[PDB]
């Protein structure tokens, strides 16, 4: 009878899903939109194609579900983070979106890093880098003819993609704590735009949205858009939303997203924890309570499997990796550190390059496939062990297409000595935004009810003894050391 609609506005695709209270999908839609690459290292989206893709996703999902718009109890919104937009009082872009992947501001933030880096890290949980919204917003109103003067009294709204979508759906100009936290203009311990950061990036207050909790009615949709006046009541950044959708509701519950690269986040609850090797960020603001997180990422995980397929071409499909790797009882001394663009935490070596080591006459395709799957697990452990210094790790909940690889998921549990939990619902980003929106209109009673209803497809239990974990991991660290500094030699 009644359902929650989730919008997951991802970086290459917009998705829409209709869920019931048992997290069954009744309809879904998904449309790709163009990735604009105007100069080298530059990444842009056209907000009108994001919008058209999203709105068609919605229509497909409603059609597939065979519901009327008035059966939609609420809408949650979740989104590619950091990506920075600007628009008219009428909701019309004053420029393309500058995507989180875009490096145009690399040197702008390089300069301020020596002077203001540690202050930026304390206020925000973030290491200054072009990734985040501040430099990008500044770039727009310093290079866009007219923008700064249009901003200088109040004709310009800034937003992250959530904020752009919410404005277009409801008329309101809002963001949630988790999206806000990724702007590098938001003070995370106070829960407010930081005035010093605004002055550093020459940002006029008038463009800023109002910052709200992640679960709350922000506004209602116009009838002429969706056919009903639906409350829009859920907002979080995508990775935070996936962490919610995984029901990672307690401190120490980790969620790892496996893709081209990886994004890993751990719930720290009310603790605001700081690491030299991790981002500190906001998970969500729920019923007056802010939950925090620690975040680590890896550029190359699944891409190492794409390299097996496209570079040396020893497989036709990523999935063949599993059959090859399970022909072996161990790695037989063969490791692969796929440091195609360096090493990140905890080694931080831009000059490291990929290495395969332990090759003998008997080394086969099997060894390379297994070394590649092991490497994804080892890199994951590298991040999780940094988190573990600050918060006890309970378990790993996982999403992304590579989580269908049973070998990788088992080895991941084994090497962490932690359970790995794979959800029945694969679209955890969407499901999280659905949970946040639904809680705000009592579609679910509270988070304990959500957690009681939540269903695992499969639980991978750790089966590897300490001696074995520590010998395998030791191999990994030794291989990593042999990858370091290679591009200085060459």
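Residue numbers count along the first chain shown, from 1.
Taking the PDB entry as given, 45-53 carries the higher mean Cα B factor of the two stretches 45-53 and 434-442. Looking at 232-240 and 269-277 together, the entry lists the larger mean B-factor for 269-277, computed on C-alpha atoms. The PDB entry gives the largest Cα B-factor of the residues 151, 314, 383, 420 to 151. Of the candidates 223, 370, 353, 182, the deposited coordinates give 223 the top C-alpha B factor. Remark: residue 453 belongs to the middle third of its chain, ranked by C-alpha B-factor as recorded. In this PDB entry, the Cα temperature factor of residue 460 sits in the bottom third of its chain's modelled residues, the lowest group. Among the modelled residues of its chain, residue 65 has a C-alpha B-factor that falls in the highest third according to the deposited record. Residue 363 sits in the lowest third of its chain by CA B factor, as recorded in the PDB entry. The entry lists a Cα temperature factor for residue 391 that places it in the middle third of the chain's modelled residues.
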